[PDB]
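**Q** Handing you a structure now.
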Amino acid sequence: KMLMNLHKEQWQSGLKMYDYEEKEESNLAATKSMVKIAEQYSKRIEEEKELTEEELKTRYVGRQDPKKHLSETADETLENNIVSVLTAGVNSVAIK
Amino acid sequence: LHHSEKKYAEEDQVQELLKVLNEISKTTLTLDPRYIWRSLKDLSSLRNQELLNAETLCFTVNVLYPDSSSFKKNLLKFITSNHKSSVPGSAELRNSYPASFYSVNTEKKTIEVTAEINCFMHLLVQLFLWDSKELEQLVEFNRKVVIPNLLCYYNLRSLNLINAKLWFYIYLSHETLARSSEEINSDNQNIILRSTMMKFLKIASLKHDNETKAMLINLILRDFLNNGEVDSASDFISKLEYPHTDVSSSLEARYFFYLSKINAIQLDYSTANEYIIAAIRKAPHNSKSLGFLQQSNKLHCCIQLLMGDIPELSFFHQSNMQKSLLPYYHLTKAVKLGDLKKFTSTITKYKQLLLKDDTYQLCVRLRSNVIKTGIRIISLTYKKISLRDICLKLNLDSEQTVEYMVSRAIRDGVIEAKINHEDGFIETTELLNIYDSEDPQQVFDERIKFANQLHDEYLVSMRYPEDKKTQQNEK
Amino acid sequence: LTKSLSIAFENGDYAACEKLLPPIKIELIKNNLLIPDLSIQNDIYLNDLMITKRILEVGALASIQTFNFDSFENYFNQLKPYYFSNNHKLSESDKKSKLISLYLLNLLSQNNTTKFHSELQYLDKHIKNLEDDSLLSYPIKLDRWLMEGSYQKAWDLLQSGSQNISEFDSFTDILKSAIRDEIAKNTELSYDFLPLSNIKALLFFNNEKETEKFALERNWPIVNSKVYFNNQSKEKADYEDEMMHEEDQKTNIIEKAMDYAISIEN
Amino acid sequence: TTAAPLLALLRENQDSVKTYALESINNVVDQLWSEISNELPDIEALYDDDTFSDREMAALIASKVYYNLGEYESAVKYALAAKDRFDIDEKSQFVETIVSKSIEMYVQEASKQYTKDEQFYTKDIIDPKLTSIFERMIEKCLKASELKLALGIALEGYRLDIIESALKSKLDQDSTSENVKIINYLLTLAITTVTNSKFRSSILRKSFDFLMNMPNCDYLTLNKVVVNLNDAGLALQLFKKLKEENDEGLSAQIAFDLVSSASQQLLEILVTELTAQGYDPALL
Amino acid sequence: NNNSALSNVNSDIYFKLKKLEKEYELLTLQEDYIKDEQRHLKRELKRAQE
Amino acid sequence: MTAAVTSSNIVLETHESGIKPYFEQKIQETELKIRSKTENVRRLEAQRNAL
Amino acid sequence: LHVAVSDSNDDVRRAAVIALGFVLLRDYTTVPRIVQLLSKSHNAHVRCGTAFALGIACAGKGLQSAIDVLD
């Protein structure tokens with residue numbers, strides 16, 4: 001129990017919202033970056049449909065997988081923004 | 001000569017028979033006999049039609065018969081009697097053969113095998129009539145029998161699937177007879193037709209077969225829609241049992257058509273939009289399906305005009321539907337330009353064409369929608385305009401006449417204005433800019449609910465073909 | 001006995017119909033058993049059908065004339081399948097054409113417009129040109145004017161509708177009131193205020209004192225000869241906020257965001 | 001033909017015309033079901049009233065209408081609220097739907113009430129009607145031949161007295177090979193389906209006396225009942241019967257079997273009691 | 001029929017079915033569990049990525 | 001043995017045997033249920049096998 | 001089953017897998033389906049105990065599905 005504990009406002013750190021400049025930054029970056037990996041995603045599926053799976057993935061950029069990477073970014077920025085909306089809606093109503 | 005031709009039709013059938021047959025006596029495998037039964041009908045139409053018309057009687061002698069040969073002779077007798085090379089030793093292919101039931105084993109004692117073969121035979125009768133294009137006496141006779149036949153016995157999982165098509169033929173022939181010609185009889189059989197199907201839906205709930213239930217609901221629904229009973233259809237659909245389990249995309253297309261149409265006259269247009277937009281896409285897109293597809297396109301535009309929204313001029317133009325979509329184009333144009341004089345000439349001129357497709361009762365209601373479009377334009381174009389100028393433009397009778405139109409219209413939020421009585425004008429209240437309002441949150445949430453629906457819908461279906469395909473043996 | 005109802009209508013004593021009708025109702029069951037209720041029709045049945053039908057039709061008009069709308073509704077329902085089954089050879093009457101006109105007025109006057117269109121769809125193929133629209137014009141044209149929103153053309157058809165009497169005055173008088181309430185609802189949105197004089201013309205009265213009384217009961221105060229349409233609207237709205245179902249239907253911010261995270265996480 | 005008069009007739013005022021509405025309604029209701037589902041309160045009004053004697057008929061209408069609806073649960077209360085004119089439909093195999101639903105209900109109630117006291121059909125705690133229907137549903141199995149279909153119904157309804165009355169209908173020696181098997185099947189089921197401590201113990205021990213009564217039986221079945229419950233009392237009594245059917249091969253075959261099968265606790269108690277009673281030192 | 005004691009074995013089928021559908025409740029046991037196992041592996045996926 | 005000249009069971013166990021699918025109605029309604037369970041329990045197995 | 005996955009100690013996981021066989025001595029037919037999952041996973045202690053669970057349970061006369069998992 002002595003190790004597991006932390007501060008007296010670590011159990012009271014979800015009320016600690018961030019500055020919204022930084023949250024705007026988070027919004028802006030994620031949308032932009034996904035345009036470029038999506039472009040990468042378009043090139044991959046133009047071919048890749050002859051025989052032998054590994055070969056096709058070596059030929060048309062199916063290794064260094066953009067399909068996997070596009071999903072990952074999206075999910076990541078998606079879980080964040082549900083809590084950020086949650087935080088703001090609690091603090092505005094709760095305090096005042 | 002004749003004999004040669006009869007042996008060939010019989011031989012061709014035996015193959016078809018084997019496919020569905022071997023599976024069903026293993027144990028029911030419901031889905032697979034169904035897909036084969038669809039292919040089977042198509043090959044049988046060509047088989048029956050050509051190489052004489054006495055092949056059905058022969059096929060009967062080949063399989064086991066308690067009263068099956070007898071019933072079939074009467075059908076053939078009507079269309080002029082046949083019994084040549086149609087009797088054992090010359091329409092007999094068995095003679096110690098086990099697929100078509102060993103002859104020793106047939107003579108020897110009891111246990112029936114009559115079930116599946118009887119049912120199958122009936123299907124062939126239906127198809128036989130329909131190819132001929134004679135209904136009348138033969139149809140009435142055949143009709144009487146097969147109904148007490150299905151209920152004598154208690155149906156299996158497979159046997160349900162055969163009547164789900166059988167009923168479709170009994171339904172349809174009777175609709176054609178009733179619409180030929182009016183009698184005291186025409187009214188009597190309508191009553192019997194409804195009673196049997198509706199009881200048979202009760203049974204089919206408990207046997208667990210979705211395909212029988214799905215066909216029956218379509219048929220029953222078509223029946224209210226024909227006879228103009230809005231009141232009967234509204235109860236049926238509110239006391240739901242429609243399956244989305246095991247159907248064809250054929251069946252969803254019929255169902256969604258009947259629903260949209262029914263809802264339209266009873267003043268709900270919004271859900272009808274969902275239903276008819278849905279129906280077109282679910283329907284197979286083909287040149288032999290052009291009848292059903294053509295009927296849906298006509299309805300959908302008519303339903304857009306009822307909302308006060310306007311379907312594309314682009315729509316009527318690029319189609320290869322142009323000939324039939326000849327009336328609708330003018331009906332849309334009349335409403336779009338909001339001239340009431342054009343609309344009155346149109347619905348008179350196409351009165352015959354529309355009555356057939358029975359959008360005629362809806363065209364009468366669209367006269368409301370005309371006015372709505374015509375005052376919508378005026379408010380948008382001039383923000384602040386005296387009722388005086390609106391009379392000049394659209395030829396209203398007086399100041400009052402237009403006042404009442406607006407007053408009624410803005411309750412429904414169509415024109416979205418407010419009247420200034422004292423200054424004598426209508427002042428429009430649309431001004432946009434709702435990126436200051438809290439409005440985007442509701443809108444956005446409805447989009448996120450569609451996206452969530454698509455998420456649930458993939459997840460269930462994806463693994464499901466995979467799990468069956470993994471279970472089945474492979475290298 | 002049975003025959004007495006039939007000659008009682010001709011007298012013109014239409015309350016005498018109703019006080020006579022209970023014995024005839026027990027005796028009407030006997031009439032129903034003679035026909036199979038038309039699941040086969042024969043020529044023996046064709047004489048009998050006239051008998052079964054005649055009893056219903058004269059009760060039907062008689063009930064309207066004593067202002068018993070309820071009893072009328074039941075009659076109409078019985079009668080309808082009898083015209084409906086079978087090729088014509090006794091499936092219409094002189095009385096029918098008038099009867100459908102009266103039922104269509106009852107739906108309009110109660111303002112069940114939903115059932116007004118359903119019923120007309122079903123009705124269409126018995127009156128299309130076969131009885132045609134000859135008397136049926138009266139609820140039909142009124143309807144055309146109400147859909148369009150010409151409360152003016154609608155008022156005139158009622159006003160000229162009192163010269164021709166068949167018995168439609170029992171539902172014309174009710175439809176006069178129906179119009180006022182419809183206008184009354186629409187004008188709240190339009191403006192906050194109309195002078196007393198402008199109210200009388202729109203909402204169809206013949207006395208300026210009736211116009212003012214109607215307004216007081218409907219919850220508009222006339223203060224300084226200006227109506228305040230906004231009052232009732234505020235009060236209705238206040239009442240919806242008073243009852244509680246209420247938090248979820250509108251949906252909180254917190255509630256939307258909690259719904260996203262849990263959809264994912266299953 | 002069409003449901004519109006039948007709607008109008010209930011709403012018409014006169015007692016005779018209201019009775020008439022019921023009779024018409026019930027005859028055609030598999031064409032005409034939808035409409036009278038909406039107009040259900042008038043049907044419930046007539047049921048209530050003791051100023052009709054077609055009150056029964058009105059509860060009967062309500063059971064058909066519900067069946068067609070898909071809301072089978074309330075159907076049973078209203079099918080059983082009519083009492084008579086239910087037999088008509090009990091031998092009808094198109095509406096044996098409500099007859100069967102009542103039984104499915106019974107099983108659910110019985111598992112609750114079995115912890116209150118073993119008997120709960122014989123004390124009244126549950127409806128008398130639900131009990132009467134069950135025991136006529138058993139009657140049908142015995143028209144068709146054999147007790148086995150019924151045995152299975154009753155195990156599920158926690159009716160112990162019924163199981164006993166059924167098993168004795170086959171002890172009289174119709175044929176001993178069949179009579180042992182008819183027990184054999186029921187034991188194998190009882191171990192695997194009912195896992196409730198009291199009920200399972202009852203069926204094994206109740207089985208033990210029936211099996212004993214015929215002098216010719218497999219003693220393989222008898223040994224299974226002893227071993228599963230691991231009681232010394234069953235074990236002792238088993239040897240008292242074998243003591244009047246004693247000879248060297250038969251009485252050893254069961255003792256040699258019994259040691260293999262049973263646990264070390266059964267064996268230790270058992271030897272002492274046979275010695276205090278009197279037995280051969282060879283058996284022991 | 002031609003072979004009697006066709007009403008003892010008809011009921012043995014019934015007896016077997018009530019057993020077997022309990023052993024497909026042993027797959028509905030498993031169903032909750034394969035939901036709580038993937039739940040756990042999604043958690044340890046986080047911990048391995050960390 | 002087979003025919004249809006001679007009715008099965010010598011017609012005395014087709015209506016004293018049609019009180020029997022109602023004994024069995026409870027298990028076959030539930031059997032239908034089970035077929036969707038089977039599909040599901042490998043459905044989520046595939047997800048965790050990949051995971 | 002709960003103990004096996006959710007306990008973060010390897011030794012704990014094992015003891016729970018091995019146990020299953022004692023319970024399911026009566027019906028040994030279904031056991032290779034329970035453990036199919038547990039053999040898929042690549043923890044040493046869990047796999048070591050999947051192997052044992054099956055050994056205790058499916059003793060007597062062989063089971064074709066059991067043999068296959070162990071391979």
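Ordering of the structure tokens sets the chain letters (A, B, ...); residue numbers start at 1 within each chain; ligands are numbered from 1 in the order shown.
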Output as a PyMOL selection string the set of chain E residues within 9 Å of chain G, with distances taken over only C-alpha atoms.

**A** chain E and resi 23+26-27+30+33-34+36-37+40-41

**Q** Near residue 23 of chain F, counting only C-alpha atoms, which residues have an atom at most 9 Å away, once you skip same-chain residues fewer than 5 positions from it, shown as a list in words?

**A**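 Returned residues: residues 100, 103, 149 and 153 of chain D; 14 of chain E.
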
**Q** Hey, list the chain B side of the contact with chain F: 10 Å cut-off, only C-alpha atoms, answer as a PyMOL selection string.

**A** chain B and resi 64-67+101-114+153-154+206-208+459-468

**Q** So how many Å separate atom CA of residue 35 of chain D and atom CA of residue 232 of chain B, to one decimal?

**A**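 Between these atoms lies a distance of 7.5 Å.
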
**Q** Tell me which protein, DNA and RNA residues are within 7 Å of residue 195 of chain B, counting only C-alpha atoms, leaving out same-chain ones fewer than 3 positions away, and put them as a VMD selection string.

**A** (chain B and resid 191 to 192 198 to 199) or (chain D and resid 30 to 31)

**Q** Take the residues that were just selected and, keeping N, CA, C and O atoms, output them as a short mmCIF file (atom, residue, chain, number, x, y, z; two decimals), in the first residue's frame.

**A**
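part_27.cif, written as the output of this step:
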data_model
loop_
_atom_site.label_atom_id
_atom_site.label_comp_id
_atom_site.auth_asym_id
_atom_site.auth_seq_id
_atom_site.Cartn_x
_atom_site.Cartn_y
_atom_site.Cartn_z
N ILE B 191 -61.75 -14.21 -49.12
CA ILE B 191 -61.94 -14.52 -47.73
C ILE B 191 -61.19 -15.72 -47.34
O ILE B 191 -60.54 -15.79 -46.28
N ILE B 192 -61.19 -16.79 -48.16
CA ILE B 192 -60.55 -18.12 -47.87
C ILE B 192 -59.04 -18.01 -47.89
O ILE B 192 -58.31 -18.57 -47.03
N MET B 198 -52.80 -16.77 -42.84
CA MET B 198 -52.69 -16.18 -41.55
C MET B 198 -52.64 -17.25 -40.44
O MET B 198 -51.84 -17.12 -39.50
N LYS B 199 -53.42 -18.37 -40.48
CA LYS B 199 -53.27 -19.49 -39.57
C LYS B 199 -51.89 -20.19 -39.70
O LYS B 199 -51.24 -20.60 -38.70
N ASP D 30 -58.79 -16.33 -36.67
CA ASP D 30 -57.55 -16.60 -37.30
C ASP D 30 -57.58 -15.96 -38.70
O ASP D 30 -57.00 -16.47 -39.65
N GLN D 31 -58.34 -14.87 -38.75
CA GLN D 31 -58.50 -14.05 -39.93
C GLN D 31 -58.66 -12.64 -39.38
O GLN D 31 -58.24 -11.61 -39.97
#

**Q** Could you list, as a list in words, every residue of chain A that has an atom within 12 Å of an atom of chain C, counting only C-alpha atoms?

**A**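 Close enough to count are residues 75, 78, 79, 80, 81, 82, 83, 84, 85, 86, 87, 88, 89, 90, 91, 92, 93 and 94 of chain A.
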
**Q** Take the residues just selected and output them with N, CA, C and O atoms as a compact mmCIF listing (two decimals), in the first residue's frame.

**A**
# COMPACT_ATOMS: atom_id res chain seq x y z
N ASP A 75 -7.66 5.45 -33.29
CA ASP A 75 -8.11 4.94 -32.05
C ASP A 75 -7.53 5.70 -30.91
O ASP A 75 -8.32 6.05 -29.98
N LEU A 78 -8.97 9.13 -30.55
CA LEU A 78 -10.38 8.88 -30.27
C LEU A 78 -10.74 8.63 -28.80
O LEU A 78 -11.67 9.25 -28.26
N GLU A 79 -9.86 7.79 -28.15
CA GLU A 79 -10.09 7.59 -26.73
C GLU A 79 -9.76 8.86 -26.00
O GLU A 79 -10.52 9.03 -25.04
N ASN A 80 -8.77 9.68 -26.39
CA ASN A 80 -8.48 10.88 -25.64
C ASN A 80 -9.61 11.94 -25.57
O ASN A 80 -9.83 12.58 -24.57
N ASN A 81 -10.27 12.08 -26.76
CA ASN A 81 -11.10 13.21 -26.97
C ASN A 81 -12.47 12.94 -26.30
O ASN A 81 -13.21 13.90 -26.13
N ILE A 82 -12.75 11.65 -25.92
CA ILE A 82 -14.04 11.29 -25.24
C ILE A 82 -13.96 11.77 -23.84
O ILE A 82 -14.87 12.44 -23.35
N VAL A 83 -12.80 11.59 -23.19
CA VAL A 83 -12.56 12.06 -21.83
C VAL A 83 -12.45 13.57 -21.75
O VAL A 83 -12.93 14.20 -20.82
N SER A 84 -11.88 14.24 -22.75
CA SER A 84 -11.66 15.70 -22.75
C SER A 84 -13.03 16.32 -22.75
O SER A 84 -13.30 17.18 -21.87
N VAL A 85 -13.97 15.87 -23.59
CA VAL A 85 -15.39 16.35 -23.67
C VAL A 85 -16.01 16.10 -22.32
O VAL A 85 -16.76 16.94 -21.80
N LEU A 86 -15.71 14.89 -21.71
CA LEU A 86 -16.28 14.46 -20.39
C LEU A 86 -15.89 15.37 -19.24
O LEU A 86 -16.75 15.73 -18.48
N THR A 87 -14.59 15.77 -19.27
CA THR A 87 -13.96 16.63 -18.29
C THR A 87 -14.61 18.03 -18.25
O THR A 87 -15.05 18.59 -17.25
N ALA A 88 -14.77 18.60 -19.44
CA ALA A 88 -15.29 19.95 -19.59
C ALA A 88 -16.72 20.06 -19.17
O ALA A 88 -17.10 21.10 -18.61
N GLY A 89 -17.55 18.97 -19.40
CA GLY A 89 -18.90 18.96 -19.15
C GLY A 89 -19.09 18.79 -17.71
O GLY A 89 -19.99 19.29 -17.05
N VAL A 90 -18.19 18.04 -17.08
CA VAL A 90 -18.28 17.94 -15.59
C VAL A 90 -17.91 19.19 -14.92
O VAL A 90 -18.77 19.66 -14.16
N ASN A 91 -16.79 19.85 -15.14
CA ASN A 91 -16.31 21.00 -14.49
C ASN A 91 -17.17 22.14 -14.71
O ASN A 91 -17.37 22.92 -13.75
N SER A 92 -17.81 22.38 -15.91
CA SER A 92 -18.62 23.53 -16.07
C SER A 92 -19.84 23.35 -15.11
O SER A 92 -20.18 24.22 -14.30
N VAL A 93 -20.52 22.22 -15.07
CA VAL A 93 -21.77 22.09 -14.36
C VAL A 93 -21.59 21.98 -12.90
O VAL A 93 -22.43 22.50 -12.11
N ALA A 94 -20.57 21.24 -12.43
CA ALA A 94 -20.30 20.82 -11.05
C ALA A 94 -19.98 21.95 -10.12
O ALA A 94 -20.42 22.01 -9.00

**Q** Excluding residue 61 of chain C and residues on its chain fewer than 6 positions from it, collect all residues at most 12 Å away from it, counting only C-alpha atoms, and give them as a ChimeraX atom specification.

**A** /C:6,9-10,12-15,17-18,54-55,67-69,71-73,75-76,95-96,98-103,166-168,170

**Q** Define the interface residues of chain D facing chain C as those within 12 Å, counting only C-alpha atoms, and report them as an MDAnalysis selection string.

**A** chainID D and resid 1:21 23:24

**Q** Mind running chain E against chain F at 7 Å and telling me each contacting residue's nearest atom pair with the distance in Å (one decimal), counting only C-alpha atoms, chain and number ascending, as a tab-separated table?

**A**
residue	atom	partner	partner_atom	distance
E:1	CA	F:9	CA	4.8
E:28	CA	F:37	CA	6.8
E:31	CA	F:41	CA	5.1
E:34	CA	F:45	CA	6.5
E:35	CA	F:44	CA	6.9
E:38	CA	F:48	CA	5.3

**Q** Name the residues in contact with residue 248 of chain D at a cut-off of 10 Å, using only C-alpha atoms, excluding same-chain residues fewer than 5 positions from it; report them as a PyMOL selection string.

**A** chain D and resi 253+282-283

**Q** Export, as a JSON list (two decimals), in the first residue's frame, the selected residues with C-alpha atoms.

**A**
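selection-v2.json written:
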[["chain", "number", "residue", "atom", "x", "y", "z"],
["D", 253, "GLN", "CA", -20.10, -62.24, -6.57],
["D", 282, "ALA", "CA", -15.87, -66.72, 4.41],
["D", 283, "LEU", "CA", -18.06, -63.78, 3.24]]

**Q** For segment 34-43 of chain B, please output as number ranges by chain all residues within 10 Å (counting only C-alpha atoms; exclusion window: fewer than 6 positions along the same chain).

**A** B: 12-13, 16-17, 19-20, 123-124, 127, 158, 161-162, 165, 211, 248

**Q** With C-alpha atoms retained, export the selected residues as a PDB file, in the first residue's frame.

**A**
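Result file follows (part.pdb):
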ATOM      1  CA  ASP B  12     -32.921 -34.821 -66.153  1.00  0.00           C
ATOM      2  CA  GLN B  13     -35.221 -34.490 -63.121  1.00  0.00           C
ATOM      3  CA  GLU B  16     -32.135 -32.494 -59.648  1.00  0.00           C
ATOM      4  CA  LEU B  17     -34.084 -34.678 -57.203  1.00  0.00           C
ATOM      5  CA  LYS B  19     -29.194 -33.083 -54.947  1.00  0.00           C
ATOM      6  CA  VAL B  20     -31.861 -31.846 -52.445  1.00  0.00           C
ATOM      7  CA  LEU B 123     -44.252 -27.400 -56.708  1.00  0.00           C
ATOM      8  CA  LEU B 124     -43.953 -28.893 -60.118  1.00  0.00           C
ATOM      9  CA  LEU B 127     -44.880 -24.150 -62.294  1.00  0.00           C
ATOM     10  CA  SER B 158     -37.111 -28.704 -45.030  1.00  0.00           C
ATOM     11  CA  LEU B 161     -39.199 -24.206 -47.394  1.00  0.00           C
ATOM     12  CA  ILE B 162     -41.155 -25.772 -50.271  1.00  0.00           C
ATOM     13  CA  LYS B 165     -42.837 -20.911 -52.559  1.00  0.00           C
ATOM     14  CA  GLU B 211     -38.448 -18.326 -44.677  1.00  0.00           C
ATOM     15  CA  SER B 248     -33.547 -13.497 -49.143  1.00  0.00           C
TER      16      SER B 248
END

**Q** Which chain B residues are at most 10 Å from chain D (counting only C-alpha atoms), as a PyMOL selection string?

**A** chain B and resi 151+188+190-203+205-206+231-236+238-241

**Q** Determine, counting only C-alpha atoms, which protein, DNA and RNA residues have an atom within 9 Å of an atom of segment 122-124 of chain C; residues of the same chain fewer than 5 positions away are not included. Present the result as a list in words.

**A**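 Counting only the stated atoms, we get residues 227, 228, 229 and 230 of chain B; 100 of chain C.
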
**Q** Please determine the contact residues of chain E with respect to chain D at a cut-off of 9 Å, counting only C-alpha atoms, and supply them as a PyMOL selection string.

**A** chain E and resi 5+7-12+14-16+18-19+22

**Q** Write out, as an mmCIF file, in the first residue's frame, the residues just selected, with N, CA, C and O atoms.

**A**
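Contents of result_23.cif, as written:
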data_model
loop_
_atom_site.group_PDB
_atom_site.id
_atom_site.type_symbol
_atom_site.label_atom_id
_atom_site.label_comp_id
_atom_site.auth_asym_id
_atom_site.auth_seq_id
_atom_site.Cartn_x
_atom_site.Cartn_y
_atom_site.Cartn_z
ATOM 1 N N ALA E 5 -41.955 -52.120 -28.519
ATOM 2 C CA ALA E 5 -41.179 -51.310 -27.526
ATOM 3 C C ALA E 5 -40.604 -50.190 -28.251
ATOM 4 O O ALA E 5 -39.471 -49.729 -28.178
ATOM 5 N N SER E 7 -41.862 -47.157 -27.426
ATOM 6 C CA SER E 7 -42.484 -46.105 -26.650
ATOM 7 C C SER E 7 -41.670 -46.012 -25.379
ATOM 8 O O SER E 7 -41.773 -45.155 -24.515
ATOM 9 N N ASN E 8 -40.651 -46.937 -25.200
ATOM 10 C CA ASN E 8 -39.634 -46.875 -24.133
ATOM 11 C C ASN E 8 -38.411 -46.111 -24.675
ATOM 12 O O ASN E 8 -37.926 -45.201 -23.964
ATOM 13 N N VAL E 9 -37.967 -46.531 -25.884
ATOM 14 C CA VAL E 9 -36.818 -45.887 -26.448
ATOM 15 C C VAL E 9 -37.033 -44.487 -27.021
ATOM 16 O O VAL E 9 -36.067 -43.775 -27.262
ATOM 17 N N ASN E 10 -38.321 -44.086 -27.257
ATOM 18 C CA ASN E 10 -38.769 -42.778 -27.818
ATOM 19 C C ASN E 10 -38.542 -41.695 -26.812
ATOM 20 O O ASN E 10 -38.304 -40.546 -27.142
ATOM 21 N N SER E 11 -38.686 -42.112 -25.538
ATOM 22 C CA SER E 11 -38.500 -41.371 -24.395
ATOM 23 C C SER E 11 -37.041 -41.389 -23.928
ATOM 24 O O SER E 11 -36.630 -40.571 -23.038
ATOM 25 N N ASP E 12 -36.155 -42.239 -24.492
ATOM 26 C CA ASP E 12 -34.781 -42.182 -24.095
ATOM 27 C C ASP E 12 -34.060 -41.081 -24.799
ATOM 28 O O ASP E 12 -33.143 -40.475 -24.330
ATOM 29 N N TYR E 14 -35.515 -38.137 -25.508
ATOM 30 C CA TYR E 14 -35.931 -37.027 -24.779
ATOM 31 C C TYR E 14 -35.037 -36.853 -23.608
ATOM 32 O O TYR E 14 -34.675 -35.729 -23.339
ATOM 33 N N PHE E 15 -34.761 -37.915 -22.869
ATOM 34 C CA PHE E 15 -33.894 -37.979 -21.741
ATOM 35 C C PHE E 15 -32.414 -37.519 -21.963
ATOM 36 O O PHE E 15 -31.916 -36.671 -21.213
ATOM 37 N N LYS E 16 -31.819 -37.959 -23.084
ATOM 38 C CA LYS E 16 -30.543 -37.586 -23.621
ATOM 39 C C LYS E 16 -30.486 -36.093 -23.993
ATOM 40 O O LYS E 16 -29.457 -35.470 -23.694
ATOM 41 N N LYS E 18 -32.085 -33.471 -22.727
ATOM 42 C CA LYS E 18 -32.013 -32.590 -21.549
ATOM 43 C C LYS E 18 -30.679 -32.564 -20.936
ATOM 44 O O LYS E 18 -30.404 -31.652 -20.174
ATOM 45 N N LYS E 19 -29.805 -33.569 -21.252
ATOM 46 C CA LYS E 19 -28.440 -33.649 -20.714
ATOM 47 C C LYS E 19 -27.500 -32.742 -21.506
ATOM 48 O O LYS E 19 -26.751 -31.944 -20.980
ATOM 49 N N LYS E 22 -27.404 -28.881 -21.587
ATOM 50 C CA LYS E 22 -26.737 -28.438 -20.430
ATOM 51 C C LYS E 22 -25.251 -28.379 -20.682
ATOM 52 O O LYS E 22 -24.446 -27.579 -20.095
#

**Q** So how far away is atom CA of residue 258 of chain B from atom CA of residue 273 of chain B, in Å?

**A**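 Between these atoms lies a distance of 12.5 Å.
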
**Q** Among chain F, which residues does DSSP mark as alpha helix (DSSP H) when it is run on the backbone? Keep the chain and numbering as in the structure and answer as a list in words.

**A**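 Residues meeting the alpha helix (DSSP H) criterion: residues 25, 26, 27, 28, 29, 30, 31, 32, 33, 34, 35, 36, 37, 38, 39, 40, 41, 42, 43, 44, 45, 46, 47, 48, 49 and 50 of chain F.
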
**Q** Could you tell me how far atom CA of residue 282 of chain B lies from atom CA of residue 252 of chain B, in Å and to one decimal?

**A**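 Computed distance, atom CA of residue 282 of chain B to atom CA of residue 252 of chain B, equals 6.8 Å.
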
**Q** Got a sec to pull out which chain C residues are within 6 Å of chain B, counting only C-alpha atoms, and send them as a ChimeraX atom specification?

**A** /C:39,85-87,114,118,121-122,147-149,186,190
